[PDB]
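Residue numbers (our numbering), protein chains in the order written: chain G, 1212 to 1366; chain P, 43 to 165; chain F, 31 to 112.
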Amino acid sequence: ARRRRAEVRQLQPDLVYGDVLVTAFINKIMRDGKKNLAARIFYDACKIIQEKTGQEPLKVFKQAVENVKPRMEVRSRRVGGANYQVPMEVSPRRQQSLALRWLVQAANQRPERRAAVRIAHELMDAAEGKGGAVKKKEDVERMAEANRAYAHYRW
Amino acid sequence: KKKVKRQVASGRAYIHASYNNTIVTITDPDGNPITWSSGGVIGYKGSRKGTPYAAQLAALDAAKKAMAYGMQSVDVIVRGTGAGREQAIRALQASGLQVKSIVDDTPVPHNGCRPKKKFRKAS
Amino acid sequence: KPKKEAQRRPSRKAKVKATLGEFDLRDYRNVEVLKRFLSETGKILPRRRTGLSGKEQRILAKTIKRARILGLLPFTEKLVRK
RNA sequence: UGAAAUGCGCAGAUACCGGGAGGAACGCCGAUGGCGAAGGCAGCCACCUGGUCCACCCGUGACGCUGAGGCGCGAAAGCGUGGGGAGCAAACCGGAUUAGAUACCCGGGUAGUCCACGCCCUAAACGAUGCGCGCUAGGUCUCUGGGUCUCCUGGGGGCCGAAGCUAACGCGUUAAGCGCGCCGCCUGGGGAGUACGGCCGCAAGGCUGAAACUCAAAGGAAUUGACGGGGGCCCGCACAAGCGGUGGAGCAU
Ligand SMILES: [Mg+2]
Ligand SMILES: [Mg+2]
Ligand SMILES: [Mg+2]
Ligand SMILES: [Mg+2]
Ligand SMILES: [Mg+2]
Ligand SMILES: [Mg+2]
Ligand SMILES: [Mg+2]
Ligand SMILES: [Mg+2]
Ligand SMILES: [Mg+2]
Ligand SMILES: [Mg+2]
Ligand SMILES: [Mg+2]
Ligand SMILES: [Mg+2]
Ligand SMILES: [Mg+2]
Ligand SMILES: [Mg+2]
Ligand SMILES: [Mg+2]
Ligand SMILES: [Mg+2]
Ligand SMILES: [Mg+2]
Ligand SMILES: [Mg+2]
Ligand SMILES: [Mg+2]
């Protein structure tokens, strides 16, 4: 993509909640394009959260993501001589990207032998500042709370 | 006395920056020094001593260790041409040290002494 | 600069006041005046500034130097701020 | 320092303050500037001295231009005697990079760079364009004297350009134009600026300077293009972001 800066395609809201992020997440669980399967999984996992948790399923989801979303990265560059880390703010379009992606990963990383369970819980673990999911947002925003030498750029 | 916690309240803050390392210094209003840190003083060993952090970070230790003798306000004194200028400074402007004045005194020979090959042209 | 070039100087013309009024240029004592023909530092300003012609500066300079030796004017003074 | 290491630091370095010794160069002014026969020449001050431009038309009265040979001057380096030696730095000592580095990089270091007198005399000593003189549109910027002074007249430096010139690039009243005087010099490349002779030098070397042989070329400017670890602009899932996979296994081809 040289110029024109591709335009962010907007998905269609959810059917059980009608709120973007839901599908978006749904999408990340999906494999080989199977919606339904991946769909049940989220909705299943949404159910398991009204029980093991009293909090409504949506709030657990949405409030589990914002705890994930990274606010800083490290886009390497060549200040010449070596390959610097160079950290920057995360465009809000990206945060989401990584966020959900992250969850779905860490999820499958866990032990439980299921789909929802893996999902619901790590969501829940996320709505308390815990979980392998959130773990990564930390190992990340850390390689960026300092950066590393761009003084030749004086300004 | 023992090691004596001497109060100074005010002094100097000489800063030496160059394409190699950044040395900040603290002194008494009469030149005499109190404590100096650097890039070397804190980990950083190679070209990491000319890393702009080499400014602030040192330019924080100069402070911290320099606030221990009172000093609340200092008169900065920049020197050399390179990177780290102002940073070492701003570093003191957040360190807790009020900054009286900022001065430049970089020494440029009115042409004397043949520089090392490494230096000769410009334009 | 950037789209300004900042080099647009319409031959001055009627130069404000021509920087002062009626003051010799071979005054190896008249500091009071000379002190103005020097940047923040005893750095003699260029032609660009001041407001002098050929033979003139050759003198102004030849003078400021004669002054420094008398300890009247400075060679190099410290810089404040920045 | 690209990263490093040698190197210097607890006999306390670096970094900051004060004081002292020494050598060398001399900021900003400074320039697209100036002066000089060239080499070359910039802190300031005084002194001794060269050249030069202008205004006045006052004096001499062709007394002029060139210039083989001669003589003198001639960057840097180098050489001799003696002093000085801060920084720098051939050679050389180590450090590192490399397939290997007696190199590029790094840390030291001698001659040297400095001054005196004497010697060397070469140079991309280049404007690569001998000196003088007369003639042939302008414009523009700039240094310096005269001027009825932002205009005209003289000297010097640049720019652009008439005619003209030139193989072209370009030059063009700072001619590579038009002319005259005189001087030097060229007469294919390589062998050679070498060999020999001679002159010169303390030496290193320098000036003068061939041929046998050999090759059909060596060469100059410009055109098209290609190429560059040249530059500006710009596209392609080319990179990045991202999803799945290949490289592992069994099999198939
Ligand atoms: Mg590299
Ligand atoms: Mg210290
Ligand atoms: Mg004279
Ligand atoms: Mg003659
Ligand atoms: Mg010499
Ligand atoms: Mg000698
Ligand atoms: Mg020594
Ligand atoms: Mg020729
Ligand atoms: Mg007149
Ligand atoms: Mg002229
Ligand atoms: Mg022309
Ligand atoms: Mg023509
Ligand atoms: Mg020769
Ligand atoms: Mg002979
Ligand atoms: Mg040739
Ligand atoms: Mg050619
Ligand atoms: Mg495509
Ligand atoms: Mg990719
Ligand atoms: Mg295979």
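Don't be surprised by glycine CBs; every beta carbon is placed ideally from N, CA and C.
Contacts of residue i in chain P (Cβ-Cβ under 9 Å)
i                   : result
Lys-45 of chain F   : Going along chain P, no residue has its Cβ under 9 Å from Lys-45 of chain F, so there is no contact; the nearest lies around 30 Å.
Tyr-1295 of chain G : The contacting residues do not exist; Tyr-1295 of chain G stays about 10 Å from chain P at best.
Own chain, CB closer than 8 Å to residue i, minus 5 neighbours either side, in chain order
i                   : result
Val-63 of chain F   : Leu-50, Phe-53 and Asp-57
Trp-78 of chain P   : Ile-65, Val-66, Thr-67, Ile-68 and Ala-104
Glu-107 of chain F  : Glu-70, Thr-71 and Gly-72
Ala-1235 of chain G : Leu-1222, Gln-1307 and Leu-1311
Coarse secondary structure for residue i, derived from DSSP in three states
i                       : result
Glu-86 of chain F       : helix
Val-150 of chain P      : coil
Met-1299 of chain G     : coil
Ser-79 of chain P       : coil
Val-1219 of chain G     : coil
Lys-142 of chain P      : strand
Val-61 of chain F       : helix
residue 1211 of chain G : The structure shown does not extend to residue 1211 of chain G, since chain G spans only 1212 to 1366, so no value can be given for it.
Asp-103 of chain P      : helix
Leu-109 of chain F      : strand
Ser-89 of chain P       : helix
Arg-54 of chain P       : strand
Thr-123 of chain P      : coil
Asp-1230 of chain G     : coil
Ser-137 of chain P      : helix
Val-66 of chain P       : strand
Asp-72 of chain P       : coil
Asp-1350 of chain G     : helix
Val-1345 of chain G     : helix
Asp-1255 of chain G     : helix
Residue i classed as buried or exposed, judged by whether at least 16 other C-beta atoms fall within 10 angstroms
i                   : result
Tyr-61 of chain P   : exposed
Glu-128 of chain P  : buried
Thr-93 of chain P   : buried
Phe-1272 of chain G : buried
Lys-34 of chain F   : exposed
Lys-163 of chain P  : exposed
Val-1227 of chain G : exposed
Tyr-1364 of chain G : exposed
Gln-1306 of chain G : buried
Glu-1284 of chain G : buried
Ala-48 of chain F   : exposed
Contacts that residue i makes with chain F (C-beta to C-beta distance below 8 Å)
i                  : result
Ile-144 of chain P : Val-110, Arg-111 and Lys-112
Interface residues of chain F facing residue i [CB-CB closer than 7 Å]
i                  : result
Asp-117 of chain P : Correct list: empty, because the minimum Cβ distance to chain F is about 11 Å.
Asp-103 of chain P : In chain order: nothing, as chain F lies at least about 24 Å away.
Nonlocal neighbours in the same chain, by C-beta distance under 6 Å from residue i, ignoring five residues either side
i                   : result
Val-1233 of chain G : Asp-1225
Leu-139 of chain P  : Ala-105 and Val-116
Contact set between residue i and chain F, taken where Cβ atoms lie within less than 9 Å
i                 : result
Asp-72 of chain P : Those do not exist, as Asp-72 of chain P stays about 17 Å from chain F at its closest Cβ, beyond 9 Å.
Residues that residue i contacts on chain G, provided the C-beta gap is smaller than 7 Å
i                  : result
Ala-125 of chain P : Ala-1362, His-1363 and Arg-1365
7 Å CB neighbourhood of residue i in its chain, flanking five on each side removed
i                      : result
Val-1279 of chain G    : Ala-1310, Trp-1313, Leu-1314, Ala-1337, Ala-1344, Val-1345 and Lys-1348
residue 169 of chain P : Chain P is shown from 43 up to 165; residue 169 of chain P falls before or after that span and cannot be answered.
Closer than 8 Å at the beta carbon, the chain G residues around residue i
i                 : result
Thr-93 of chain P : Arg-1359, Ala-1360 and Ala-1362
Q: Pick out the complete alpha helix (DSSP H) segments inside the stretch 1258-1343 of chain G, 4 residues or longer, and give them in chain order.
A: Here the runs fully enclosed are 1268-1276, 1303-1320 and 1327-1337.
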